[PDB]
Structures are given as structure tokens and as C-alpha cells.
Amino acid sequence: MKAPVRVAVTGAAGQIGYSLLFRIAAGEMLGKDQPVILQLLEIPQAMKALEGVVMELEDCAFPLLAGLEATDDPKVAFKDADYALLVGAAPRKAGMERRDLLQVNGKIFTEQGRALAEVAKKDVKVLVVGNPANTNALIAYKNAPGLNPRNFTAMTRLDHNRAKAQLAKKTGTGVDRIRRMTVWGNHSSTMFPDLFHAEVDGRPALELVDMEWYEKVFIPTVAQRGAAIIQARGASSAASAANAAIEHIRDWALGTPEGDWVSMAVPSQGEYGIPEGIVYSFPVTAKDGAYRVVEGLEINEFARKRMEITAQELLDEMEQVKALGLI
């Protein structure tokens, strides 16, 4: 009954894409009643592999996959796109410094931001997964004239889900009974998982766990989780990252649970005193395709300090891209 929506995904032949595309086609991201047209983008040298991915999707015989297209041209992939997941970023080259990484991404996201502004739906919803997510999203929307900056977001949902999982394990309760978890700031190590407003069965989390555990165990464990996965499996956490990306888009489009909220890195408008422009993770609720930052939360010194630290890291990264003339 519903008309198909176009979903563009970059870095389509990579690991996250491999764990992501099949669930999207299965209807797990936008609803089992929502047909989807996948428009996949890859760099020229990965087009053969992308064709392999296309064949696997066809071999799933998905009743909701209304269309499937592979290309190496952003203007074709983003054509009339309703949603865009920017997964592909700059590969970690050898003998390459951090700054050098920034310039490569700068070229990638400036071009993609331009393509989007040129051929996608004016209200296209964008999620940046490629690292560094927050700054890449910044570069993208700053280079997307005519489009709504607020429709450019970055992912922190994996960190958010990881936090919920740790709290559940600690308190011995189902993760499904955990709500109001918050991750503030950058996608990086300065990211701040907030338990001050989180609840376990309706009870404040800090009534179940002490501050020492929170500061000395919870925070560092959430921040190091990605590395733990790598040390154990010998590969990055692509499957859980893909799940988080799906949930990020899903909750944004279909809505958040009543009385709960999720984490999304979005362009700041000064909420909580956070500098404008930088893509910062905030607690947010969503309804009918629009999100809103949850304001009014009490912020104590402990949280304040960590929120400012991550904000400053984001300001620093923003300074660097400005210097490089990317924005």
C-alpha cells in the first residue's frame, strides 16, 4: 500500500554494509509494510565486490526490495533518496597521519554533501557512520546548500546500546527494562555515557550501582568495547554497528518509546550550552520523522565536566577542518 522509499548506502561492499543491507531489505529499518529501493555506492575498485553483494540480496528473494541499483557515482546513488547512510569513509592508509585522514574524508564528504543537495529529496534523512562520524557529518551538511542541516546526523547508537547492555549485566535485569540511557558528545573516547537519568525498572540507575563502578568500570568499559570485540574475534564489530545504524534510522523515522529516549549526534543549536554547529550526541525523542533534543535535564558537575571535555574535542576537530578549508 505504501509507495517505496529510496535508501542510499555508501561503502556498500564493506563489512558494515554486509551486516546492514540484508536487514534493511527485510524491512527491519523502516517497517515490514515499507517497500525499499536500495541505491548502493562504492568506489570504482570495489564495484565488482558490490555486484557480488547485489547478487546476494537478489538471492534472498526479499518481497520488500522494490528496486536495487549499484553505482560509483554519488549523483546516481543519492538520486531522489529519502534516506542516506554514509558508511564509506577514508581507509586507514599506512604512513598517514590523523590530519591526512581528515583531508581525504573532507574530499569524500564535501562531494557527497554536494551530491545530496543536488539530487536527493530536500528532506532526505542522513546518517553518517564513516569515521570520524561527527566531523564528517559537519563537513557534509556545511557542503549541502539548500538542505536542512538538522537532517544530517552521526551515530552514537552503538555506544548507547553498549551502555544499556553493561547496565543490564551489572544489575541482573533484562536490557528491555533499561531506559533513558544517554551518550553525550563525540563518537570517540571522550564520549560520555550518562547514568544520572537512566532507569532500571523505573528506578534510578545510581540507586542500583555506585559512583566508583560508574566512573572506574562502566565508562572505560563502554569506551573500550570496540577494541574488546577486535581482540576476541579478530575483526571489527560490524554486525552490532549495523544494528545500531538501523535503530538510529528506525527510531528517527518511526518514533521513540513513550517515556524513553535515545542518543543521536545532531547539529547543536545551543542546547545545554553546547556550541552551535558541531554535531553533538544528545538524548532525543522522535515522532513522525522529526527528532527533538530532550532539554530540562539536571546536569551535575561530574556530567558537566565530561560534557565540556567532549565538546572541546569536537570544537578542536572543527577548527582543523576549517583550517583545511573544508568548511
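Numbering starts at 1 and follows the sequence shown.
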So which stretch wins on mean C-alpha B-factor, 87-95 or 176-184?
87-95
Highest mean C-alpha temperature factor of the two stretches 100-108 and 125-133, which is it?
100-108
In this PDB entry, which of 199, 82, 251, 159 has the top CA B-factor?
199
In terms of its chain's C-alpha B-factors, the third that includes residue 304 is the highest
Taking the values exactly as deposited, rank residue 224 by C-alpha B-factor within its chain and report the matching third: lowest, middle or highest.
middle
Of the three thirds of the chain ranked by Cα temperature factor, residue 15 occupies the middle
Within this chain, which third does the Cα B-factor at residue 52 fall in: lowest, middle or highest?
lowest
Comparing against every modelled residue in the chain, figure out the third that the C-alpha B-factor of residue 58 lands in (lowest, middle or highest).
lowest
